[PDB]
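# Analysis of the macromolecular model
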Protein chains: 2
Amino acid sequence: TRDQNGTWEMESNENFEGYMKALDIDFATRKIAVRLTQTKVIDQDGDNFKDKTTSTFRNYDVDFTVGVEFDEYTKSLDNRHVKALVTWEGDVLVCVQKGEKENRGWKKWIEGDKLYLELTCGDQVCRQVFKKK
Amino acid sequence: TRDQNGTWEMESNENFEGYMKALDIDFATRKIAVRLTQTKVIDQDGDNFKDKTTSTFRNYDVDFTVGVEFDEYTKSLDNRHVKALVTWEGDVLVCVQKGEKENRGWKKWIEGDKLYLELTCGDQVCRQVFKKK
């Protein structure tokens, strides 16, 4: 069939590294690119094609119990060992990541259909907002 | 509510750059990380949490008509200008990306519920397989 319509989920990617290197993509970008999987959405009408490709990385699962300190390796980030303790302050979930970095942790709460996440490290604060799907 | 269960799609990410820099994440990784959006799947049962986070990049749309040469800027890759021409060889979609790189192009075909994509650049071949979702 010439019909390539559909949503296509990558299952295999062989020698992406060699192809990217032939294109002169730099080492640090290749190190990340070889871990992604693509989803390809093809809209085909005759000989007219529209291809919309997204690349995804699965970060590592984080499982914890509130009040139980646990060892965390931040492999999706700076790859450091921290001792994390999550507690409730009202409806706000508060995490202290005890380790080399001062004032490292996060706070997480719901307001309406939005999830708020504030990440801290030193004097830096990152504010993220998520919509319920 | 303390109930953070659900699938949460990132809509806003403020000062991820400053947070990542405080964590000493290197420049080339930060340049990519600030373009991602996260989906967070939270499975909460009491004070027990399971968080599964995926990060996604939307590559650029590729629209073309078979037989009509078009200008392509490979911004999701090596950011080069090529003149791409897609033609059918039987049921195989064949693309030649005319430009600085020799033997650059791809071939794309369906077999069963699988989409096959072979990317070439110079003497390098990358083979990708996609499953219909």
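Residues numbered from 1 in each chain as written, not as in the entry; some residues may be left out. Chains lettered and ligands numbered in written order. Heavy atoms only, no water. Residues with missing side-chain atoms left out of burial classes, pairs and counts.

For this coordinate set, the PDB header names X-ray crystallography as the determination method and states a resolution of 1.696 Å.

## With respect to the side chain of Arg104 of chain A
Threshold: Helix and strand definitions follow DSSP, with helices as H or I runs of at least four residues and strands as E runs of at least two, each counted in order from the N terminus. For every residue, the accessible area obtained with a 1.4 Å probe (protein chains only) is divided by the maximum for its type, and the residue is called buried under 20%, exposed over 50%, and partly exposed between those limits. Here a polar contact is recorded for every N or O atom pair within 3.5 Å, except that within protein the pair must consist of a potential hydrogen donor and a potential acceptor, and residues adjacent in sequence are included only if both atoms are side-chain atoms. Should any heavy atoms of two residues lie within 4.5 Å, those residues are considered in contact.
Assignment of secondary structure puts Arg104 of chain A in the loop between β7 (92–98) and β8 (105–111). Relative accessible area serves as the criterion here: at 4%, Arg104 of chain A is assigned to the buried category. Side-chain polar atoms of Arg104 of chain A contact the side chain of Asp78 of chain A, separated by 2.9 Å. The contact partners of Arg104 of chain A, leaving out residues within four places of it in the chain, are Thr74, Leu77, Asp78, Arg80, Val82, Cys95, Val96, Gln97, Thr120 and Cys121 of chain A together with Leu23 of chain B.

## Let's talk about the interface of chain B and chain A
How big an interface is tends to be expressed through the accessible area that disappears when the partners come together. The condition that has to hold: What makes a salt bridge here is a side-chain nitrogen of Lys or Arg within 4 Å of a carboxyl oxygen of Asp or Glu, nothing more. Polar here means any residue other than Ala, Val, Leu, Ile, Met, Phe, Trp, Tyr, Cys and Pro, which are nonpolar, and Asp, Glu, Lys and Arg, which are charged; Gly is therefore polar. A pair of strands counts as paired when DSSP detects no fewer than two bridges linking them.
Each partner contributes to the interface: chain B provides 78 residues, whereas chain A provides 78 residues. At the junction of chain B and chain A, the tally comes to 12 salt bridges. The tally of links between chain B and chain A comes to 49 residue pairs in polar contact. Class assignment of the residues belonging to the side of chain B that touches chain A gives a composition of 29 nonpolar, 23 polar and 26 charged. Sheet analysis places strand β10 (residues 124–132) of chain A next to strand β1 (residues 6–14) of chain B, joined by six bridges and oriented antiparallel.

## Points about the packing of aromatic side chains
Here is the rule we go by: In this scheme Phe, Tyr and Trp rings, the latter by its six-membered ring, pair at centre separations within 6.5 Å, and the angle between planes marks the pair as stacked below 30 degrees, edge-to-face above 60, and tilted otherwise. For a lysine, the NZ atom is tested; for an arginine, the CZ atom; a charge sits over a ring if that atom is within 6 Å of the ring centre and within 35 degrees of the ring normal.
A full pass over the atoms with the stated rule returns 12 aromatic pairs over all chains. Seen from their ring centres, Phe64 of chain A and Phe49 of chain B are 5.0 Å apart, and the 10° between their planes marks the pair as stacked. Placement of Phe64 of chain A in strand β4 (residues 62–65) and of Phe49 of chain B in strand β3 (residues 48–58) is noted, with the two residues assigned to different chains. Grouping residues by exposure puts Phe64 of chain A and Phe49 of chain B together as buried. Centre to centre, the rings of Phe64 of chain B and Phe70 of chain B are 5.8 Å apart; their planes meet at 10°, and the pair counts as stacked. You can call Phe70 of chain B buried: its relative accessible area is 17%. An aromatic cluster is built from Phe49 of chain A together with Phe64, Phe70, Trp88 and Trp106 of chain B, whose rings are joined through pairwise contacts. Positioned above the aromatic ring of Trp8 of chain B is the side chain of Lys132 of chain A, whose terminal nitrogen or guanidinium carbon lies 5.7 Å from the ring centre.

## Considering unusual backbone geometry
Residue and element names in this part refer to chain B. Positive phi values are uncommon outside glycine, yet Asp24 reaches one of about 70°. Relative to the helices and strands, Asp24 resides in the loop between α1 (16–22) and α2 (27–33). Using a relative accessible area of 48% as the deciding quantity, one classes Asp24 as partly exposed. Positioned with a positive phi, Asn79 is a non-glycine residue whose angle comes to about 50°. Relative to the helices and strands, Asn79 resides in the loop between β5 (70–73) and β6 (81–89). Its relative accessible area of 53% is what places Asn79 among the exposed residues.

## Description of the relation of the copies chain B and chain A
Definition in use: The copies are overlaid through least-squares superposition of their C-alpha atoms.
Each copy superposes on the other: chain B lies on chain A with an RMSD of 0.0 Å after a rotation of 180° and an axial shift of 0.0 Å. In the structure described here, the two chain copies are related by an operation that fits a two-fold rotation axis. Measuring from the rotation axis to each C-alpha of chain B, the shortest distance belongs to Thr56 of chain B, at 2.2 Å.

## Quick notes on the pattern of salt bridges
Taken as a whole and assessed by the stated rule, the structure comprises 26 salt bridges over all chains. Where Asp24 of chain A meets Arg80 of chain B, a salt bridge forms, and the shortest distance between an N and an O atom there is 2.9 Å. Taken together, the positions of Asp24 of chain A in the loop between α1 (16–22) and α2 (27–33) and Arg80 of chain B in the loop between β5 and β6 put the pair across two chains. Put simply, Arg127 of chain A and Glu14 of chain B hold a salt bridge, and the shortest N to O gap is 2.7 Å. Of this pair, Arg127 of chain A sits in strand β10 while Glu14 of chain B sits in strand β1, which puts the two residues in different chains. Overall, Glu14 of chain B belongs to the partly exposed group, its relative accessible area being 36%. Salt bridges sharing partners connect three or more residues here, namely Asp24 of chain A together with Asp78, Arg80, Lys101 and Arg104 of chain B.

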